[PDB]
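Some notes on the structure that comes next.
Positions are given from 1 along the sequence.
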Amino acid sequence: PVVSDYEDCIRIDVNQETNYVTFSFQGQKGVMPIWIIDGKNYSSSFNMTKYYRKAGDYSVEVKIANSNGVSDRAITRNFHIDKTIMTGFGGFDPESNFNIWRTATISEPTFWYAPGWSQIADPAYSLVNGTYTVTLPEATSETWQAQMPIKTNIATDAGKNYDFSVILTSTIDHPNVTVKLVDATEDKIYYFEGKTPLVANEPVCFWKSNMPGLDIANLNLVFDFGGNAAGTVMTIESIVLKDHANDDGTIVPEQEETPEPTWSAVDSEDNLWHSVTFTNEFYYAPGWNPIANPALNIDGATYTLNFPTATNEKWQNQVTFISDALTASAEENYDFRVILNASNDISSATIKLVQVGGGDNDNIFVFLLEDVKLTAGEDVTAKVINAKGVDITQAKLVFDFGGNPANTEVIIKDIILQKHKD
C-alpha cells in the first residue's frame, strides 16, 4: 500500500475556540488510516478528536493499512494551536447578574510605573470588552513598582460575605503579581492583599470565597506587576465580585482543612495575651434596650460572666476586652484558641480581634469567627488556625453571646494568641 496515493483522503480540522483537533479520512473501501500522535499509536478511526490545551506547533504521523497490512512510509501533517486554555479552577461566572462588577461604575485604570522607585511614563494599555492588556517594556525589581489602581463606586456592608475572582496571564514568568481589594479612603482596610506567581502564557485564577463584609463606601481594585521582566505583557479578564449568599453555580474547590499547629502554653512568652492589663465595656441589651453592665470575675486566665436576663439575636450581649497597647502586623500569620463554657445552650457566639476605635476602625481585624455552637456544659474550643494578620495599633478582643437563655453563666478560659507554630 503506497502511502502517497491516499494523501488528499487525510483531513485535519482545528477548532481554535475549544482546542480540539479532529483527525478524519474520506473512506476508500478497505484503505483505512493509522494515527501515530507524538509516538503513540491511537489505532484506526474515520473521525477522532484530541484536546491540545497548550499553544504550539503539533504534528500527527498518518499511515495507510488494508487486507495486506500497514504501509512502510508515513505522511507527517503539521497544525498550530493559537491560544493556550486555562488549567485548574476557572473562577466565578463573570456574566452572572450576581456579579456586582457588571453593575458598577469602573474608572479607567491609572498607573504608577517606577523602576528603581523612579517613575516613568504610564505603560500602554488596551481595554477590549472588559479585558485589560498592559505592556511593561522596563523590568522592575520590587512589589509596588508597577501599580495599576482601578477605582470603583462599589459599596459593601458588614454582616454580608463576599466572593472574588480574576484571571491573570503573563507572556513571561512572573515571581509575584499582587491583587488588593481596598477601601479607596484607607489603605489599612482591605478584603485581601495576596500575590501569585505566573508561568509564561499559563492563565491563573486568583480567587477568595466567603470574605467577611466590611463597611466601605468605595472599593479600589489595585494590581501590582512589580518584579516583571522587560517586555512583559499582562492580561486581566473575568473580574468577579458577588455576595456569597447568591449562588452562580460555581464549583468552588474545598481548601484541605488547615492542619493544627504547636499550641504554646497559656503562661509562656508566646502568649501575647498574657501581660495585657485590659479593660471591659459591655453592650448587654435584650430587644436592643441597654441594661446595667453584667457581673465579671477575673481569676487569672479564667474570666466568668453571669447573664441573668436572656437575649434573642446577634450583637445583643457584647463583652469587650480592651487591650492597653496590644498590636498585630500583616507580615505575620497568627493562631488563636479559647475554651468557652456556657451553662445553657447558646446558638450563635462571635469572637473578633479588632482596632480599639469606633467607626472605620472595626473594619481592621485579624479574624471574625462566627456561628460557634457553644453546647450546654461541654467545654468547647473556638480555634482560628493560620489566619493572615493585619496592621493594628491598639487591638481589642470582642465577644458576643446573642440568643442566650436566662441565668446563663459563661466562663472564658485560657485565651492564647501567637505567631503560626508550624
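- For the side chain to side chain donor-acceptor pair (under 3.5 Å) condition, the pairs that include at least one residue of residues 211-235, sequence neighbours left out, are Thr140-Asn228.
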Donor-acceptor pairs under 3.5 Å, side chain of residues 143-154 to any protein atom, not counting sequence neighbours: which ones?
from   : atom 1 : to     : atom 2 : distance (Å)
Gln145 : OE1    : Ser141 : N      : 2.9
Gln145 : OE1    : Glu142 : N      : 3.0
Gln147 : NE2    : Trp144 : O      : 2.7
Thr152 : OG1    : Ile154 : N      : 3.0
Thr152 : OG1    : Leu219 : O      : 2.6
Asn153 : OD1    : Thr105 : N      : 2.9
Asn153 : ND2    : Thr105 : OG1    : 3.3

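- Residues satisfying the side-chain contact (heavy atoms from CB on, under 4.5 Å) criterion with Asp57, sequence neighbours excluded, are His80.
- Applying the side chain to side chain donor-acceptor pair (under 3.5 Å) rule to pairs touching residues 162-175 yields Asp163-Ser209, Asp163-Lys242, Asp163-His244, sequence neighbours excluded.
- Among residues two or more places apart in sequence or in another chain, the side-chain contact (heavy atoms from CB on, under 4.5 Å) test is passed with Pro308 by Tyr284, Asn407.
- In this view, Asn97 and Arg102 satisfy the side-chain contact (heavy atoms from CB on, under 4.5 Å) rule, not counting sequence neighbours.
- The side-chain contact (heavy atoms from CB on, under 4.5 Å) search around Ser96 returns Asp93, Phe98, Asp248, not counting sequence neighbours.
- A search for ring-ring contact (aromatic ring centres under 6.0 Å, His included) contacts involving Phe164 returns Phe192, not counting sequence neighbours.
- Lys160 pairs by the salt bridge (charged side-chain N to carboxylate O under 4.0 Å, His left out) definition with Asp157, not counting sequence neighbours.
- Among residues two or more places apart in sequence or in another chain, the ring-ring contact (aromatic ring centres under 6.0 Å, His included) test is passed with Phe223 by none.
- For the ring-ring contact (aromatic ring centres under 6.0 Å, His included) test, residues two or more places apart in sequence or in another chain that qualify with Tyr20 are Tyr51.
- In terms of the ring-ring contact (aromatic ring centres under 6.0 Å, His included) criterion, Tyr132 has no residue partners (sequence neighbours excluded).
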TODO: Evaluate the side-chain hydrogen bond (donor to acceptor under 3.5 Å, both in side chains) criterion for residues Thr185 and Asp183: first the C-alpha distance (whole Å), next the side-chain angles of each, then the deciding distance (0.1 Å), finally the verdict.
DONE: CA-CA 5 Å; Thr185 58; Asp183 185 345; 2.6 Å; yes
